[PDB]
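Undergrad: Dropping a structure here in structure tokens format, bear with me for questions.
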Amino acid sequence: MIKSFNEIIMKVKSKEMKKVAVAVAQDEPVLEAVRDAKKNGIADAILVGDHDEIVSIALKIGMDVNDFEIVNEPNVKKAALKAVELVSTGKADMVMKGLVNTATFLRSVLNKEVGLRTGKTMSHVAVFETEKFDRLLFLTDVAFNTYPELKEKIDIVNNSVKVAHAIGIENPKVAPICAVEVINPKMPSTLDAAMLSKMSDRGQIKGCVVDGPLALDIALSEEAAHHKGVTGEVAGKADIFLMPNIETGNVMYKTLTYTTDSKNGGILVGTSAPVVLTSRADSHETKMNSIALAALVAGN
Amino acid sequence: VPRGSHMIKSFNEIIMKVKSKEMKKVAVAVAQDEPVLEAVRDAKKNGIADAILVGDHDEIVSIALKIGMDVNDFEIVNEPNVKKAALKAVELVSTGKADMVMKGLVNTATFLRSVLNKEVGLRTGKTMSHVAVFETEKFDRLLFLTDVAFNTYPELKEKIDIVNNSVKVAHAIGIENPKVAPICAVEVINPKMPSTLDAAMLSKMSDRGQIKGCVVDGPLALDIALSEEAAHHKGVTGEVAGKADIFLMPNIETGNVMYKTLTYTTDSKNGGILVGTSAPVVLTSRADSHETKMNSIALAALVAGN
Amino acid sequence: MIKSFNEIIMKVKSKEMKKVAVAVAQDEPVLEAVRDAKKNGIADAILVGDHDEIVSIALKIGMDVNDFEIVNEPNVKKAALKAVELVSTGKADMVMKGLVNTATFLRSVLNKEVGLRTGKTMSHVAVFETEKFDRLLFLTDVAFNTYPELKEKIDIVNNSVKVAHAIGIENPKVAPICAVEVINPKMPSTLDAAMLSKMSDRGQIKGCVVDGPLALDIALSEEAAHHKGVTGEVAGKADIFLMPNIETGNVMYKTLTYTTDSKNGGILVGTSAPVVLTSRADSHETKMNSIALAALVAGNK
Amino acid sequence: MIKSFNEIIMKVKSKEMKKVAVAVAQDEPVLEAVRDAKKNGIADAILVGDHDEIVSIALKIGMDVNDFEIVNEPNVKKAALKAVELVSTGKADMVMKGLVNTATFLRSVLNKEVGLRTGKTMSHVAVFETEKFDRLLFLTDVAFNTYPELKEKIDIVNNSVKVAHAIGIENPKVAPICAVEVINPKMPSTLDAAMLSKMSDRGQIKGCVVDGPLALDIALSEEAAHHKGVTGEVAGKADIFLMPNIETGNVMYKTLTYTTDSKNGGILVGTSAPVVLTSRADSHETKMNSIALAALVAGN
């Protein structure tokens with residue numbers, strides 16, 4: 001029954017507040033996000049980085065410095081590792097990449113000594129609110145995992161269904177997206193999709209229904225699914241769109257992002273705690289929606 | 001034994017359907033074989049099949065006298081040459097002068113090289129497979145087993161035709177919506193077990209109507225395939241678990257052993273044909289009973305009847 | 001030059017009408033299209049197939065069959081070979097599909113005896129008019145070529161440049177879309193991108209400018225291009241978007257047509273004459289935009 | 001010497017009661033079998049599991065809890081280990097499998113510190129008493145080893161003949177089962193088959209005769225072996241049926257039990273002590289006979 005980033009933010013404000021640890025918090029756009037997140041009751045924050053620069057930027061943007069702890073680390077690589085150390089030892093619920101390149105940030109998340117590393121694979125989950133589809137649309141994996149095979153895709157699916165579970169979708173419909181809705185032994189997408197689908201059928205994957213392969217029209221639309229005579233629980237009702245690799249996943253996200261005015265957020269899951277990872281490309285509202293999601297997950 | 005919801009569940013039902021229909025014609029490849037001529041006589045007495053006897057006219061007529069078979073009830077074609085006799089029986093079939101082929105006094109390899117002849121043979125381009133049909137005490141349902149005799153190590157391309165050929169036989173028997181279970185060791189996808197991957201991809205093909213006129217659901221272990229009690233205690237649900245009509249084997253070892261076990265450890269009525277050719281092939285054996293010879297004819301006679 | 005479908009259709013009305021052959025014309029939705037196409041003044045058409053099942057539908061829909069030619073062929077397959085023939089034998093300027101399934105219709109166009117074979121690969125181009133962008137956007141290949149290699153991708157590009165020429169873009173900006181804008185041996189798409197950019201440079205791909213690999217956003221948006229310090233004739237001004245394969249392709253196509261109100265049309269090129277291959281999936285006005293696209297490419301040549 | 005499960009059970013009662021160590025005793029079917037084993041004096045038992053849950057089940061079935069020892073361990077994974085520790089350290093003579101997935105039970109039996117680990121490959125031995133045949137047919141491996149090759153098959157055979165020795169078959173007749181009774185380079189199982197038959201001939205595999213390949217029928221039936229004119233000490237009189245892979249052997253196994261009034265039982269060997277890997281779908285009598293086998297073997 002949860003269909004909008006507004007009902008998402010509302011539910012966040014309804015639960016106990018959560019703490020985010022900013023990795024190199026000298027980022028002005030990130031702190032702008034931490035602030036409007038703190039005042040409206042979405043999330044708290046610990047700022048890890050250069051005390052003097054952080055405090056400078058905070059005055060400029062009218063952000064009470066006395067609202068937040070600030071662990072002073074001038075070194076950028078150490079500032080990142082300390083934000084993750086804060087979360088791995090449960091003094092914080094989430095990490096937000098700050099003024100660090102996504103590579104060094106992701107090494108720290110992955111640190112074998114103090115990181116958030118797990119048994120499962122790490123995966124990105126993007127979420128979208130469209131003018132044209134009343135339910136929420138989740139895309140995994142659009143960012144981190146390049147050419148994942150079955151071993152990875154199982155985990156990529158479990159990680160995304162955890163996120164739909166948090167948003168309140170009890171039993172979400174997972175469509176492995178391919179070019180065609182049909183087993184085709186020259187397209188290994190569809191073979192992975194058949195196998196995930198048997199896996200759901202037998203309870204090796206739980207808390208969802210998986211039915212692929214499915215082209216993107218068959219997964220989105222009832223009219224299209226009927227046009228090509230595809231039946232079952234997922235055609236025209238897909239909550240989760242499992243992308244076959246990064247190339248397809250990235251082109252889909254950016255088509256939505258650059259051709260639509262769709263409210264969207266994204267988080268990294270699979271780790272021991274949710275990770276927020278924005279770019280100067282993401283808007284303040286995306287950054288909001290992103291923290292907003294990372295919160296809901298961490299309270300589940 | 002709980003009661004099956006099919007129309008046809010036994011070989012007496014199978015043979016009475018054969019008899020409810022226009023007589024089909026069998027080309028016997030090398031007819032100078034008494035157990036096959038015994039079989040072919042009784043086929044004619046009881047209205048199951050007409051036969052053309054292809055081979056050495058002199059010995060066919062001798063053996064006919066020995067078994068009280070009335071040679072006026074049957075066209076004979078004189079080919080004293082064995083290799084050429086098997087080929088002729090096959091050519092008669094491919095040129096629609098008889099509906100099915102039977103092996104007589106020929107070695108299996110020769111007969112088969114004959115059926116697969118490039119010029120006069122029975123090739124269709126899809127793969128040829130053996131379907132075995134059994135009537136067990138313990139299940140009120142015909143069981144179909146594929147491939148138990150021909151395909152040795154089929155991969156997905158072959159299993160798809162082995163499945164479609166299965167469904168054609170079931171349809172001919174009278175099962176319009178058969179239930180097919182790709183048998184493996186387990187009921188779960190295991191990367192270290194190719195059978196199960198193959199089972200998954202056939203199952204999605206069934207679901208999207210790439211395979212038609214059936215429900216394919218696997219992998220399933222044999223116990224979940226037939227027993228509802230086993231399906232139940234193992235939490236396995238769906239249209240095939242406990243109700244499997246067709247048992248697709250992962251290979252000839254699995255098929256052969258299943259089959260040899262049923263024959264030497266039960267008294268289950270059984271019959272077998274080869275299909276996927278342009279016409280059904282009875283490939284009977286010195287080991288099969290007179291009853292098994294007859295059932296085999298009756299199966300072909302139905303595949304051809306469609 | 002041209003920046004809208006309204007402009008494509010006006011400019012198509014400028015020229016002399018072009019005949020379309022409908023392979024199995026007994027199709028309500030395609031005949032509603034062929035009809036609208038004649039009243040507006042876009043195309044005349046030969047309606048090949050069952051003369052009786054065609055008139056029943058003609059009457060139903062309110063098109064006097066007198067304004068059209070009819071070639072009676074009651075066989076599905078023969079009507080489609082005959083459709084393709086009326087183009088191949090110079091009597092019509094493009095083929096569009098009807099009741100024939102897609103596979104049979106594609107055997108019919110690529111027929112060796114009377115077909116439209118050119119020896120160069122047959123590619124599908126899709127064309128988009130979006131609110132967020134003023135230039136027409138071209139997506140190849142989205143429909144036909146599944147996993148093209150460098151040699152099939154040269155042709156894919158060359159067909160698309162031919163189409164963009166016919167719209168009035170005399171130098172199309174071609175971006176080999178890829179996950180990243182940097183070269184990556186692990187991503188075969190980036191390799192083919194580099195190799196393709198090189199052939200543009202040496203004037204081995206003529207009449208256009210190819211620069212890849214480019215993430216879609218670098219190719220779409222001047223702002224995205226700038227913020228990642230990627231420059232050149234293409235980045236942020238891309239006209240043709242070269243999809244690395246059909247999975248990436250199919251998904252960018254359906255994401256546009258299901259989440260936006262962008263007008264679009266599609267033709268298959270790399271053939272002697274344009275081919276329109278339309279579907280229940282396609283709207284009525286995208287069937288039109290598609291017919292109009294073929295007529296512009298047929299007319300320019 | 002011993003030709004029936006009644007005889008197996010007479011020799012078990014004949015000698016001193018041994019103890020099952022049930023891995024997680026909160027299982028009605030397992031306790032129903034452990035109860036009938038105590039009654040008939042086939043074996044004692046230590047039940048390792050959730051004490052409270054154990055007793056209400058012992059109440060539900062007529063099990064007098066005073067006739068068993070209960071080691072209280074609520075944690076399923078730890079209950080599986082304690083069961084094995086009791087065997088490894090000689091307080092019991094077998095493990096049996098309760099409310100655990102097979103993966104968690106086998107890993108516990110294969111434990112490095114406290115396990116029943118050994119030199120030998122673990123192999124399953126099934127054992128049948130059929131109507132049509134006067135001797136016990138033993139099947140190996142129908143359950144544990146998936147795609148064994150020559151090295152594992154040698155251990156599967158040795159393990160196999162060791163069990164036959166305890167039944168009183170002094171010189172058992174091992175048939176490597178294949179589709180055909182002749183060599184064929186395109187059927188790997190026949191290569192392995194003559195491989196193994198040479199090792200018998202050379203005396204490398206001792207205490208048995210090994211002849212193959214043999215089709216199942218040649219091995220079973222004097223008639224079938226006579227008809228295809230196959231001779232030697234094994235054709236027509238095979239005691240042990242060495243299967244080519246789990247798929248083949250599971251299908252013989254499940255065909256035989258769901259299609260016949262055969263009685264059967266099975267244990268895992270190779271380990272330092274017999275194991276009883278029970279199934280959800282095993283009957284009461286199979287679980288019983290299976291305990292009986294484990295007891296008979298632990299008497300050797």
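Ordered as shown in the structure tokens, chains take letters A, B, and onward, while each chain numbers its residues from 1 and ligands are numbered from 1 in the order shown.
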Stretch 108-190 of chain D: which residues are strand (DSSP E or B) by DSSP, as a list in words?

TA: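 Going through stretch 108-190 of chain D, the strand (DSSP E or B) residues come out as residues 123, 124, 125, 126, 127, 128, 129, 137, 138, 139, 140, 173, 174, 175, 176 and 177 of chain D.
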
Undergrad: Please identify the helix (DSSP H, G or I) residues within stretch 41-276 of chain B (assignment by DSSP from backbone atoms) and present them as JSON, numbers by chain.

TA: {"B": [41, 42, 43, 44, 45, 57, 58, 59, 60, 61, 62, 63, 64, 65, 66, 71, 72, 73, 82, 83, 84, 85, 86, 87, 88, 89, 90, 91, 92, 93, 94, 108, 109, 110, 111, 112, 113, 114, 115, 156, 157, 158, 159, 160, 161, 162, 163, 164, 165, 166, 167, 168, 169, 170, 171, 172, 173, 194, 195, 196, 197, 198, 199, 200, 201, 202, 203, 204, 205, 206, 207, 222, 223, 224, 225, 226, 228, 229, 230, 231, 232, 233, 252, 253, 254, 255, 256, 257, 258, 259, 260, 261, 262, 263, 264, 265]}

Undergrad: Within 8 Å of chain C, which residues of chain A come that close, and what is the closest atom pair and distance in Å for each? Count only C-alpha atoms and give it as a Markdown table.

TA:
| residue | atom | partner | partner_atom | distance |
| --- | --- | --- | --- | --- |
| A:130 | CA | C:259 | CA | 7.0 |
| A:131 | CA | C:259 | CA | 7.4 |
| A:132 | CA | C:259 | CA | 5.8 |
| A:133 | CA | C:259 | CA | 8.0 |
| A:178 | CA | C:247 | CA | 6.0 |
| A:179 | CA | C:247 | CA | 4.6 |
| A:215 | CA | C:251 | CA | 7.7 |
| A:216 | CA | C:251 | CA | 6.1 |
| A:217 | CA | C:254 | CA | 6.1 |
| A:224 | CA | C:281 | CA | 6.4 |
| A:227 | CA | C:280 | CA | 6.6 |
| A:246 | CA | C:179 | CA | 6.4 |
| A:247 | CA | C:179 | CA | 4.5 |
| A:248 | CA | C:248 | CA | 4.2 |
| A:249 | CA | C:248 | CA | 7.8 |
| A:250 | CA | C:179 | CA | 6.1 |
| A:251 | CA | C:216 | CA | 6.1 |
| A:252 | CA | C:252 | CA | 5.7 |
| A:254 | CA | C:217 | CA | 6.3 |
| A:255 | CA | C:252 | CA | 6.7 |
| A:256 | CA | C:255 | CA | 7.2 |
| A:258 | CA | C:217 | CA | 7.1 |
| A:259 | CA | C:132 | CA | 6.0 |
| A:260 | CA | C:260 | CA | 7.0 |
| A:281 | CA | C:224 | CA | 7.6 |

Undergrad: So that I have them on file, write out the residues from the current selection with N, CA and C atoms, as a PDB file, in the first residue's frame.

TA:
ATOM      1  N   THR A 130       7.142   7.193 -10.309  1.00  0.00           N
ATOM      2  CA  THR A 130       6.796   7.663 -11.685  1.00  0.00           C
ATOM      3  C   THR A 130       5.370   8.224 -11.794  1.00  0.00           C
ATOM      4  N   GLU A 131       5.185   9.219 -12.659  1.00  0.00           N
ATOM      5  CA  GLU A 131       3.847   9.745 -13.034  1.00  0.00           C
ATOM      6  C   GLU A 131       2.981   8.561 -13.518  1.00  0.00           C
ATOM      7  N   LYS A 132       3.554   7.540 -14.183  1.00  0.00           N
ATOM      8  CA  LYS A 132       2.802   6.556 -15.024  1.00  0.00           C
ATOM      9  C   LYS A 132       2.522   5.219 -14.300  1.00  0.00           C
ATOM     10  N   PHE A 133       3.142   4.929 -13.160  1.00  0.00           N
ATOM     11  CA  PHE A 133       2.933   3.633 -12.463  1.00  0.00           C
ATOM     12  C   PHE A 133       2.747   3.911 -10.976  1.00  0.00           C
ATOM     13  N   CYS A 178      15.221  -9.160 -19.141  1.00  0.00           N
ATOM     14  CA  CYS A 178      15.952  -9.560 -20.358  1.00  0.00           C
ATOM     15  C   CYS A 178      15.324  -8.858 -21.560  1.00  0.00           C
ATOM     16  N   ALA A 179      15.758  -9.248 -22.747  1.00  0.00           N
ATOM     17  CA  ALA A 179      15.421  -8.588 -24.017  1.00  0.00           C
ATOM     18  C   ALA A 179      14.092  -9.161 -24.483  1.00  0.00           C
ATOM     19  N   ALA A 215      10.701  -9.273 -20.640  1.00  0.00           N
ATOM     20  CA  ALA A 215      11.119  -7.980 -21.221  1.00  0.00           C
ATOM     21  C   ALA A 215      10.562  -6.880 -20.313  1.00  0.00           C
ATOM     22  N   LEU A 216      11.025  -5.646 -20.492  1.00  0.00           N
ATOM     23  CA  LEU A 216      10.662  -4.574 -19.542  1.00  0.00           C
ATOM     24  C   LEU A 216       9.199  -4.156 -19.720  1.00  0.00           C
ATOM     25  N   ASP A 217       8.610  -4.241 -20.917  1.00  0.00           N
ATOM     26  CA  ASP A 217       7.156  -3.949 -21.107  1.00  0.00           C
ATOM     27  C   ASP A 217       6.311  -4.989 -20.348  1.00  0.00           C
ATOM     28  N   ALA A 224       0.621  -4.751 -22.010  1.00  0.00           N
ATOM     29  CA  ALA A 224       1.745  -5.382 -22.730  1.00  0.00           C
ATOM     30  C   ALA A 224       1.827  -6.879 -22.389  1.00  0.00           C
ATOM     31  N   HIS A 227      -0.926  -8.432 -24.257  1.00  0.00           N
ATOM     32  CA  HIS A 227      -0.577  -8.423 -25.695  1.00  0.00           C
ATOM     33  C   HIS A 227       0.283  -9.653 -26.002  1.00  0.00           C
ATOM     34  N   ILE A 246      25.347  -4.327 -15.369  1.00  0.00           N
ATOM     35  CA  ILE A 246      25.496  -2.855 -15.181  1.00  0.00           C
ATOM     36  C   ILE A 246      25.041  -2.079 -16.426  1.00  0.00           C
ATOM     37  N   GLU A 247      25.434  -2.477 -17.643  1.00  0.00           N
ATOM     38  CA  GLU A 247      25.224  -1.672 -18.884  1.00  0.00           C
ATOM     39  C   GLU A 247      23.736  -1.328 -19.016  1.00  0.00           C
ATOM     40  N   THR A 248      22.870  -2.356 -19.067  1.00  0.00           N
ATOM     41  CA  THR A 248      21.379  -2.267 -19.113  1.00  0.00           C
ATOM     42  C   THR A 248      20.856  -1.475 -17.914  1.00  0.00           C
ATOM     43  N   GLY A 249      21.390  -1.775 -16.734  1.00  0.00           N
ATOM     44  CA  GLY A 249      20.892  -1.213 -15.471  1.00  0.00           C
ATOM     45  C   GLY A 249      21.127   0.280 -15.417  1.00  0.00           C
ATOM     46  N   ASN A 250      22.270   0.722 -15.960  1.00  0.00           N
ATOM     47  CA  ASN A 250      22.786   2.115 -15.901  1.00  0.00           C
ATOM     48  C   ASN A 250      22.013   2.982 -16.899  1.00  0.00           C
ATOM     49  N   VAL A 251      21.843   2.454 -18.099  1.00  0.00           N
ATOM     50  CA  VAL A 251      21.101   3.089 -19.219  1.00  0.00           C
ATOM     51  C   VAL A 251      19.639   3.237 -18.781  1.00  0.00           C
ATOM     52  N   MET A 252      19.107   2.275 -18.040  1.00  0.00           N
ATOM     53  CA  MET A 252      17.703   2.392 -17.592  1.00  0.00           C
ATOM     54  C   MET A 252      17.570   3.549 -16.595  1.00  0.00           C
ATOM     55  N   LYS A 254      19.442   6.158 -15.984  1.00  0.00           N
ATOM     56  CA  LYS A 254      19.816   7.491 -16.509  1.00  0.00           C
ATOM     57  C   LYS A 254      18.754   7.926 -17.512  1.00  0.00           C
ATOM     58  N   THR A 255      18.078   6.969 -18.151  1.00  0.00           N
ATOM     59  CA  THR A 255      16.928   7.290 -19.039  1.00  0.00           C
ATOM     60  C   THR A 255      15.832   7.918 -18.179  1.00  0.00           C
ATOM     61  N   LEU A 256      15.435   7.231 -17.110  1.00  0.00           N
ATOM     62  CA  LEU A 256      14.493   7.770 -16.096  1.00  0.00           C
ATOM     63  C   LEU A 256      14.991   9.129 -15.580  1.00  0.00           C
ATOM     64  N   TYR A 258      17.264  11.346 -16.651  1.00  0.00           N
ATOM     65  CA  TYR A 258      17.495  12.438 -17.652  1.00  0.00           C
ATOM     66  C   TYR A 258      16.317  12.638 -18.627  1.00  0.00           C
ATOM     67  N   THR A 259      15.220  11.890 -18.515  1.00  0.00           N
ATOM     68  CA  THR A 259      14.112  12.003 -19.499  1.00  0.00           C
ATOM     69  C   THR A 259      12.767  12.148 -18.779  1.00  0.00           C
ATOM     70  N   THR A 260      12.808  12.070 -17.454  1.00  0.00           N
ATOM     71  CA  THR A 260      11.638  12.025 -16.548  1.00  0.00           C
ATOM     72  C   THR A 260      11.931  12.950 -15.349  1.00  0.00           C
ATOM     73  N   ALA A 281      25.981  14.788  -9.039  1.00  0.00           N
ATOM     74  CA  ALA A 281      24.901  14.547 -10.037  1.00  0.00           C
ATOM     75  C   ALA A 281      23.507  14.386  -9.389  1.00  0.00           C
TER      76      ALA A 281
END

Undergrad: Need the shell around residue A:188: protein/DNA/RNA residues with any atom at most 10 Å away, counting only C-alpha atoms. Skip same-chain ones fewer than 5 positions apart. Format as an mmCIF file with C-alpha atoms, in the first residue's frame?

TA:
data_model
loop_
_atom_site.group_PDB
_atom_site.id
_atom_site.type_symbol
_atom_site.label_atom_id
_atom_site.label_comp_id
_atom_site.auth_asym_id
_atom_site.auth_seq_id
_atom_site.Cartn_x
_atom_site.Cartn_y
_atom_site.Cartn_z
ATOM 1 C CA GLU A 149 26.316 -14.442 -12.507
ATOM 2 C CA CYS A 178 15.952 -9.560 -20.358
ATOM 3 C CA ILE A 183 14.296 -18.964 -22.758
ATOM 4 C CA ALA A 193 16.233 -15.889 -14.905
ATOM 5 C CA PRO A 244 21.038 -8.590 -16.096
#

Undergrad: Pick out the closest residue to residue B:251 from this set: D:296, D:245, D:67, D:191. Count only C-alpha atoms.

TA: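 Nearest candidate to residue B:251 out of D:296, D:245, D:67, D:191: D:245.
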
Undergrad: At a cut-off of 7 Å, which residues of chain A touch chain B? Count only C-alpha atoms and give the answer as a list in words.

TA: residues 182, 183, 191, 194, 195, 198, 199, 202 and 230 of chain A

Undergrad: Would you compute the distance between atom CA of residue A:125 and atom CA of residue A:42? Give it in Å to one decimal.

TA: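 Value for the atom CA of residue A:125-atom CA of residue A:42 distance: 19.5 Å.
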
Undergrad: Skip stretch 36-41 of chain B itself and residues of its chain fewer than 6 positions away, then list as a list in words all residues within 7 Å of it, counting only C-alpha atoms.

TA: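 Once the nearby chain positions are removed, what remains is residues 67, 69, 104, 290, 293 and 294 of chain B.
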
Undergrad: Take the residues from that selection and put them in a file with N, CA and C atoms, as an mmCIF file, in the first residue's frame.

TA:
data_model
loop_
_atom_site.group_PDB
_atom_site.id
_atom_site.type_symbol
_atom_site.label_atom_id
_atom_site.label_comp_id
_atom_site.auth_asym_id
_atom_site.auth_seq_id
_atom_site.Cartn_x
_atom_site.Cartn_y
_atom_site.Cartn_z
ATOM 1 N N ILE B 67 3.131 -71.743 -36.798
ATOM 2 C CA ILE B 67 2.453 -70.977 -35.702
ATOM 3 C C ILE B 67 0.951 -70.850 -35.999
ATOM 4 N N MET B 69 -0.351 -69.088 -38.466
ATOM 5 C CA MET B 69 -0.644 -67.723 -39.006
ATOM 6 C C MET B 69 -1.074 -67.907 -40.470
ATOM 7 N N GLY B 104 12.535 -57.059 -36.901
ATOM 8 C CA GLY B 104 12.509 -58.536 -36.875
ATOM 9 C C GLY B 104 13.898 -59.129 -36.637
ATOM 10 N N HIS B 290 5.749 -61.721 -24.872
ATOM 11 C CA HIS B 290 4.695 -61.624 -25.907
ATOM 12 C C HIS B 290 3.740 -60.464 -25.563
ATOM 13 N N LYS B 293 5.583 -57.131 -26.458
ATOM 14 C CA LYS B 293 5.502 -56.995 -27.928
ATOM 15 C C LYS B 293 4.140 -56.379 -28.301
ATOM 16 N N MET B 294 3.042 -56.838 -27.692
ATOM 17 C CA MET B 294 1.662 -56.496 -28.120
ATOM 18 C C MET B 294 1.384 -55.049 -27.740
#

Undergrad: To one decimal place in Å, what is the distance between atom CA of residue A:136 and atom CA of residue A:110?

TA: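 Answer for the atom CA of residue A:136 to atom CA of residue A:110 separation: 29.5 Å.
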
Undergrad: Please list as a PyMOL selection string every residue within 10 Å of residue C:102, counting only C-alpha atoms and excluding residues in the same chain fewer than 5 positions away.

TA: chain C and resi 97+107-108+277-279

Undergrad: May I have the selected residues written with C-alpha atoms, as an mmCIF file, in the first residue's frame?

TA:
data_model
loop_
_atom_site.group_PDB
_atom_site.id
_atom_site.type_symbol
_atom_site.label_atom_id
_atom_site.label_comp_id
_atom_site.auth_asym_id
_atom_site.auth_seq_id
_atom_site.Cartn_x
_atom_site.Cartn_y
_atom_site.Cartn_z
ATOM 1 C CA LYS C 97 3.948 -5.883 -41.893
ATOM 2 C CA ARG C 107 12.492 -14.451 -44.059
ATOM 3 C CA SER C 108 10.261 -12.697 -46.693
ATOM 4 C CA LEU C 277 7.445 -3.602 -38.635
ATOM 5 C CA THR C 278 4.629 -2.481 -36.277
ATOM 6 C CA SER C 279 2.739 -4.232 -33.398
#

Undergrad: Using only C-alpha atoms, which of A:63, A:95, A:58, A:167 sits nearest residue A:20?

TA: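 Of A:63, A:95, A:58, A:167, the one nearest residue A:20, counting only C-alpha atoms, is A:95.
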
Undergrad: So that I can check the surroundings of residue C:52, please list as an MDAnalysis selection string every protein, DNA and RNA residue that reaches within 10 Å of it, counting only C-alpha atoms and ignoring chain neighbours fewer than 4 positions away.

TA: chainID C and resid 26 56:58 72 74

Undergrad: Could you write out the selected residues, including C-alpha atoms, as a PDB file, in the first residue's frame?

TA:
ATOM      1  CA  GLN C  26      -6.192  -8.176 -43.266  1.00  0.00           C
ATOM      2  CA  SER C  56     -14.976  -6.986 -44.741  1.00  0.00           C
ATOM      3  CA  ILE C  57     -12.468  -4.914 -42.587  1.00  0.00           C
ATOM      4  CA  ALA C  58     -12.289  -1.986 -45.087  1.00  0.00           C
ATOM      5  CA  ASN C  72      -5.369 -10.943 -53.930  1.00  0.00           C
ATOM      6  CA  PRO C  74      -5.089 -15.931 -49.867  1.00  0.00           C
TER       7      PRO C  74
END

Undergrad: Determine, counting only C-alpha atoms, which protein, DNA and RNA residues have an atom within 6 Å of an atom of residue D:242; residues of the same chain fewer than 2 positions away are not included. Present the result as a list in words.

TA: residues 140, 176 and 177 of chain D

Undergrad: Please compute the atom CA of residue A:36-atom CA of residue A:162 distance, one decimal, in Å.

TA: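 One can read the atom CA of residue A:36 to atom CA of residue A:162 distance as 26.6 Å.
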